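Worksheet for the structure shown next.
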Amino acid sequence: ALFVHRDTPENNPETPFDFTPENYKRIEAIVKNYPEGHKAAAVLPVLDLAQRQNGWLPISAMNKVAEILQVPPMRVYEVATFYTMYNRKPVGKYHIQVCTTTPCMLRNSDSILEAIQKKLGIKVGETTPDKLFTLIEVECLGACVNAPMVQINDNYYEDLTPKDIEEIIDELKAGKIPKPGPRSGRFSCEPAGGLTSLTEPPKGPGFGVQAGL
Amino acid sequence: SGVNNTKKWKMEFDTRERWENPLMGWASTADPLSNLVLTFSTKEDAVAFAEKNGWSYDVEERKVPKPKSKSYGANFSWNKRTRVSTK
Amino acid sequence: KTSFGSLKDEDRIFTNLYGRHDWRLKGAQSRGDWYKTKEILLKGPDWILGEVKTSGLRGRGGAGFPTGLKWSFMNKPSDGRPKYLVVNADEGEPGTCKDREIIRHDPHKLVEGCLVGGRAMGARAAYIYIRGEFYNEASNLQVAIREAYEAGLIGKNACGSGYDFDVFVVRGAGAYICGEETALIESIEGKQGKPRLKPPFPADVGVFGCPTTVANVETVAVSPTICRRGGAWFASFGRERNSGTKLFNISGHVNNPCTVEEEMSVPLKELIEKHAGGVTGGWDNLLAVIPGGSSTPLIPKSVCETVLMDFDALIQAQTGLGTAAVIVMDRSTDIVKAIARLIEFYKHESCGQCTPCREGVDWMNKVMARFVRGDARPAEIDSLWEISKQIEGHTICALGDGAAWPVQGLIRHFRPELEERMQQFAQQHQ
Amino acid sequence: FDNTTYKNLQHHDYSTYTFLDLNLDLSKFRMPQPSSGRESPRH
Amino acid sequence: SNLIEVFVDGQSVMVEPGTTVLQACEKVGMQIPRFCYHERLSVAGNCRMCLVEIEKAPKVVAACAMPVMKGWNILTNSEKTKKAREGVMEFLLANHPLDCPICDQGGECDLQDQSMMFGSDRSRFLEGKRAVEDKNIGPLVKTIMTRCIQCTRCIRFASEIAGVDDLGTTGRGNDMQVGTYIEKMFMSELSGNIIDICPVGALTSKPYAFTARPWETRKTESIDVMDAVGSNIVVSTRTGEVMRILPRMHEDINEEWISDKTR
Ligand SMILES: Cc1cc2nc3c(=O)[nH]c(=O)nc-3n(C[C@H](O)[C@H](O)[C@H](O)COP(=O)(O)O)c2cc1C
Ligand code: SF4
Ligand code: SF4
Ligand code: SF4
Ligand code: FES
Ligand code: FES
Ligand SMILES: [K+]
């Protein structure tokens with residue numbers, strides 16, 4: 001929650017970090033996507049890759065990224081602290097992120113948050129003692145019509161109810177993987193109880209095409 | 001950054017000795033002109049005043065900041081070093 | 001025409017909106033994607049821009065500037081720098097989730113739009129900036145882009161037209177402000193997502209300091225159809241200067257919250273009842289609607305009775321179409337809390353760059369928290385109104401305006417609710 | 001013509017590196033990038 | 001031949017293309033209020049204190065950044081311009097600490113002086129104020145970063161003039177903080193100049209701390225002898241004792257900077 005770094009025995013410039021050879025080849029691909037002489041544009045993707053390898057970003061991880069791209073270290077510190085998806089502290093194996101913005105709140109996102117905490121016995125912004133779950137509230141995740149919803153790692157679980165979210169957490173504990181997407185009974189964003197549109201088969205190539213082409 | 005105290009010409013005299021008062025340590029002086037500062041609209045007015053009163057004077061030409069070339073778009077240059085790395 | 005709505009399925013542009021057909025290239029082609037792209041490309045930028053201008057299409061990212069005129073700022077000779085198209089897939093406005101469905105179910109429409117839209121501007125490549133939370137959708141788009149590369153539809157000699165075009169996908173890292181067009185550019189360049197002042201304009205100095213056009217996913221994805229079927233076909237839907245179809249998100253207190261394509265200028269009541277299954281508890285239970293994402297001011301039930309869903313109608317009602325995300329609130333809602341949560345959202349999203357939003361939005365957030373409890377005086381309502389007017393129009397980007405407008409809509413239409421909240425608090429503590 | 005199934009089930013097998021593996025596979029299709037003429041603005 | 005005509009409160013002035021609204025006003029003796037802008041740094045445009053009405057334009061423009069178009073009539077004293085200044089000053093002071101008596105900038109503070117001349121005379125902020133922890137960046141510059149107004153002058157000076165990219169902003173929104181993130185000294189032969197350009201008492205001279213007030217110092221214009229550049233300086237004295245050394249502007253020598261040894 002603090003945006004100043006203080007060296008600790010676990011997070012200091014000597015804390016070991018280095019990209020694996022497989023990730024270095026990925027880095028060479030990221031950098032090649034930008035014009036020559038503008039390598040600093042790869043800071044976000046490469047810094048996000050360091051999180052994917054390591055789970056979070058120690059200061060030594062940010063120092064390596066600055067070194068690779070030849071940017072000043074402070075310019076990588078600015079990016080790390082500006083974007084909310086970068087973890088500057090360790091998070092649990094499953095980062096539970098519950099949307100509580102008004103569209104999700106209107107469909108009772110509090111009950112989802114209350115259910116999770118009761119299940120995991122923690123609070124918003126805490127990690128379980130086993131270090132399997134970290135819980136936080138986030139802003140609109142772009143899945144409002146499927147509210148209430150949560151994101152766990154890269155996956156969305158949508159149309160949740162307190163029973164559904166507890167099912168997802170149970171599977172995560174068990175070691176399995178729950179399929180993402182709505183849990184109400186619809187596949188995605190279509191209205192429940194029957195489509196009001198896109199019921200006729202779509203037209204084929206050339207349909208409706210003006211003349212002169 | 002205010003420049004409002006750089007509009008007018010001033011006349012002051014050479015600084016002279018100040019010493020510590022034995023009783024309290026205050027700054028004592030024997031210079032009656034130590035605090036005398038005069039204001040003038042132009043250096044010509046100031047030079048005229050100093051000559052009719054018989055004072056030797058030094059005149060220092062007014063320093064005016066030169067015009068700069070400012071471009072906000074220069075912060076984002078495609079191929080020039082003016083490109084900033086942070087905002 | 002005098003009434004709008006009831007868009008026939010054969011007139012819908014995003015025909016795989018729900019992902020019940022194959023989203024990969026074979027599915028896309030069978031639905032008409034990538035058909036005669038070569039011929040469109042060889043028509044030339046002037047013809048493409050002509051079709052977009054005549055279609056009357058307006059930007060779908062929230063601001064609604066005429067797309068054809070905006071894309072014409074790029075139709076000028078190269079001065080030695082590359083030219084780029086940036087596709088805004090940040091999809092961050094609360095209540096909005098339309099671009100998510102385009103990206104994951106019709107990715108080849110977006111890719112073809114980038115090529116068609118990129119050709120009209122003379123761009124060498126397209127950067128599709130997508131929010132980092134859309135990992136699965138970004139991966140779907142990455143699969144589609146590979147298929148387009150493998151079929152020869154993008155890259156060298158794209159579609160056989162001899163035009164070279166690359167489509168890059170870059171992911172955000174969690175910032176709503178990065179949906180702003182110039183903060184999006186700063187984010188691509190590996191800086192904090194802080195919007196730039198204008199001038200310069202992106203069409204002059206943009207990504208990497210090069211001519212750039214930032215276009216919303218919906219704006220780009222519909223352009224190939226507008227070229228294939230013509231601007232006149234598109235301009236035939238909706239009111240004058242409010243043309244075309246539109247993706248609507250209906251969330252909140254509705255029976256069937258959903259995404260749906262519908263004609264521009266369809267009545268708000270019709271859209272909710274026909275597609276969303278009506279307001280929860282019936283139309284009489286409606287309290288207020290936010291008709292175009294959280295940045296637009298709310299309108300009460302009386303205005304919602306007959307208001308049309310287009311740019312000009314909603315301005316007439318003291319709001320805006322925005323992204324066409326309809327958040328419905330029924331009478332059980334605590335309207336003051338619902339708005340207070342949106343200000344709290346803008347406090348967490350402000351980039352902090354410029355004084356009126358860095359300080360003003362946090363100020364409005366603190367005042368709105370007390371208004372939720374009634375721990376205030378009625379004289380503070382006019383103070384809060386003036387504070388919002390000080391932020392609005394004095395900031396670098398529109399996020400400041402997007403935080404002031406919700407507050408004004410609440411004070412404008414629900415002042416008695418605010419005052420009665422304060423009266424209750426005073427009575428309890430006396 | 002089937003309209004009663006979800007045909008976007010591929011993204012249930014995506015993993016941590018799916019996005020950056022595809023970006024690594026696309027690298028051979030790209031055109032040579034433009035150059036500003038210097039290694040960076042600090043050169 | 002390239003000059004274009006603009007108007008500053010109806011007064012015609014001829015300016016080169018690219019001249020900003022702020023520079024045009026300066027040609028007729030109007031100094032636009034400013035915080036983030038410095039004529040020797042790159043334009044920032046974030047403080048918003050320079051907003052000014054352009055006649056017939058509904059929206060105010062940041063004068064420090066907006067290039068001036070021919071025929072523009074810049075209204076530096078209109079009601080819209082005045083109210084924009086009052087609103088921005090109100091936001092600047094909302095979280096500013098009540099530190100003037102213990103703050104060394106008092107008496108020579110641009111926030112104080114522009115608040116007197118351009119802002120309102122009272123507060124309507126009824127909430128608690130932000131408080132920020134103090135960073136350590138060496139034995140020369142003391143930081144009380146609760147006073148920082150986030151103008152980024154120090155960031156721009158360090159990167160562009162001193163050539164050191166160790167200062168930046170961390171965090172976002174109201175919690176954005178200027179500093180080094182890590183515990184790092186800003187030890188540069190030009191580092192002391194950030195004291196001068198910081199408009200507030202966020203960065204102050206550690207050796208000078210608490211010793212004097214500006215109104216009581218006598219100013220002696222002199223020259224530096226710590227090197228052969230001959231940097232122009234002001235020797236602030238009080239009651240026959242030297243209190244501090246400040247740069248004196250000379251365009252052909254030191255501009256408005258000095259070395260830390262000189263300072
Ligand atoms: C805070 C903020 C967030 C924005 N987010 C988005 C967004 O997520 N998607 C989008 O297309 N436009 C967004 N915009 C609007 C863009 O700045 C810009 O107007 C738009 O991308 C232009 O595309 P268009 O003309 O096709 O609509 C946002 C603007 C602001 C001020
Ligand atoms: S209005 Fe807010 S988000 Fe926009 S530039 Fe200013 S501080 Fe940043
Ligand atoms: S910086 Fe200026 S306004 Fe702020 S406490 Fe110091 S003297 Fe007062
Ligand atoms: S420390 Fe001073 S110069 Fe630096 S950003 Fe803050 S107020 Fe501006
Ligand atoms: S409000 Fe929760 S996904 Fe949009
Ligand atoms: S002086 Fe222009 S915005 Fe700061
Ligand atoms: K200072």
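Just so it is clear: chains get the letters A, B, ... in the order the sequence lines come, proteins before strands, and each one is counted from 1. Heavy atoms only: backbone and side chains are in, while hydrogens, waters and symmetry mates are out.
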After noting the C-alpha distance and the side-chain angles of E181(C) and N88(C), does the key distance pass the side-chain hydrogen bond (donor to acceptor under 3.5 Å, both in side chains) rule?
CA-CA 7 Å; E181(C) 68 165 3; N88(C) 200 329; over 6 Å; no
Do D334(C) and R421(C) make a side-chain contact, defined as non-hydrogen atoms from C-beta onward lying under 4.5 Å apart?
yes
Donor-acceptor pair between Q427(C) and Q423(C) side chains, under 3.5 angstrom:
yes
Does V407(C) reach the side chain of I411(C), with side-chain heavy atoms less than 4.5 Å apart?
yes
Salt bridge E380(C)-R124(E), side-chain N to carboxylate O under 4.0 Å:
no
Got a donor-acceptor contact below 3.5 angstrom from the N285(C) side chain to the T280(C) backbone?
yes
Can the positive tip of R241(C) be found less than 6.0 Å from the middle of the six-membered ring of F311(C), inside 45° of the ring normal?
no
Flag, side chain of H275(C) to backbone of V260(C), donor-acceptor distance under 3.5 Å
no
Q151(A) and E133(C): side chain donor to acceptor below 3.5 Å:
no
Could you check whether any side-chain N or O of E190(A) sits under 3.5 Å from a backbone N or O of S188(A), counting only pairs where one atom can act as donor and the other as acceptor?
yes
Assess the residue pair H253(C) and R331(C) against the criterion (side chain to side chain contact (heavy atoms under 4.5 Å, CB included)); give the C-alpha distance rounded to whole Å, side-chain angles, the decisive distance to 0.1 Å, and a yes or no.
CA-CA 10 Å; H253(C) 292 137; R331(C) 294 178 65 88; over 6 Å; no
Report yes if the side chains of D159(A) and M149(A) come closer than 4.5 Å at any heavy-atom pair, otherwise no.
no
At what distance, to the nearest 0.5 angstrom, does CG of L198(A) lie from CG of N16(C)?
8.0 Å
Taking everything shown except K80(E) itself, do over 12 heavy atoms lie less than 6.0 Å from its NZ?
yes
Please answer whether the main-chain N or O of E392(C) pairs with a side-chain N or O of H394(C) as donor and acceptor at a distance below 3.5 Å.
yes
More than 12 heavy atoms of other residues, nucleotides or ligands under 6.0 Å from CD of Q316(C): is that the case?
no
Given side chains that start at C-beta, do those of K8(C) and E200(A) come closer than 4.5 Å, heavy atoms only?
no
With a 4.5 Å limit on heavy-atom distance, are the side chains of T245(C) and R12(C) in contact?
no
Any chance you could lay out the side chain to side chain contact (heavy atoms under 4.5 Å, CB included) test for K347(C) and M364(C), step after step, and finish with the verdict?
CA-CA 9 Å; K347(C) 180 177 74 69; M364(C) 292 203 301; over 6 Å; no
For atom CD of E127(E), decide whether the heavy atoms of other residues, nucleotides or ligands shown that lie under 6.0 angstrom number more than 12.
yes
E167(A) versus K163(A): any side-chain heavy-atom pair under 4.5 Å?
yes
Report yes or no: does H413(C) contribute a side-chain atom to a donor-acceptor pair with the main-chain N or O of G409(C) at less than 3.5 Å?
no
Return yes if some donor-acceptor pair links the side-chain N/O of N365(C) with the main-chain N/O of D362(C) below 3.5 Å, else return no.
no
For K366(C), look at atom NZ and say whether over 12 heavy atoms of other residues, nucleotides or ligands are found less than 6.0 Å away.
yes
Check the angle between the aromatic planes of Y6(D) and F187(A) and answer parallel, tilted or perpendicular using the 30° and 60° thresholds.
parallel
Quiz question: by atom type and distance under 3.5 Å, do the side chains of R60(C) and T67(C) form a donor-acceptor pair?
no
Do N155(A) and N136(C) come close enough that some side-chain heavy atom pair is under 4.5 Å?
yes
List the steps and the verdict of side chain to side chain contact (heavy atoms under 4.5 Å, CB included) for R48(E) and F91(E).
CA-CA 10 Å; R48(E) 315 306 288 172; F91(E) 291 132; over 6 Å; no
Establish, yes or no, whether the cationic atom of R20(C) lies under 6.0 Å from the six-membered ring centre of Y18(C) and within 45° of the ring axis.
no
Please work out whether the ring planes of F237(C) and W233(C) are parallel, tilted or perpendicular, with thresholds of 30° and 60°.
perpendicular
If we ignore hydrogens and angles and just use 3.5 Å, is the side chain of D310(C) paired with the main-chain N or O of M264(C) as donor and acceptor?
no
Would you say CZ of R373(C) has more than 12 non-hydrogen atoms from neighbouring residues, nucleotides or ligands within 6.0 angstrom?
yes
Taking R183(A) for the side chain and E158(A) for the main chain, is one N or O donor matched with an acceptor at less than 3.5 Å?
no
Is a donor on one side and an acceptor on the other found under 3.5 Å between the side chain of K70(C) and the backbone of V214(C)?
yes
Do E93(C) and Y176(C) have side-chain N/O donor and acceptor atoms under 3.5 Å apart?
yes
For residues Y157(A) and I112(A), determine if any side-chain heavy atom of one lies less than 4.5 Å from a side-chain heavy atom of the other.
no
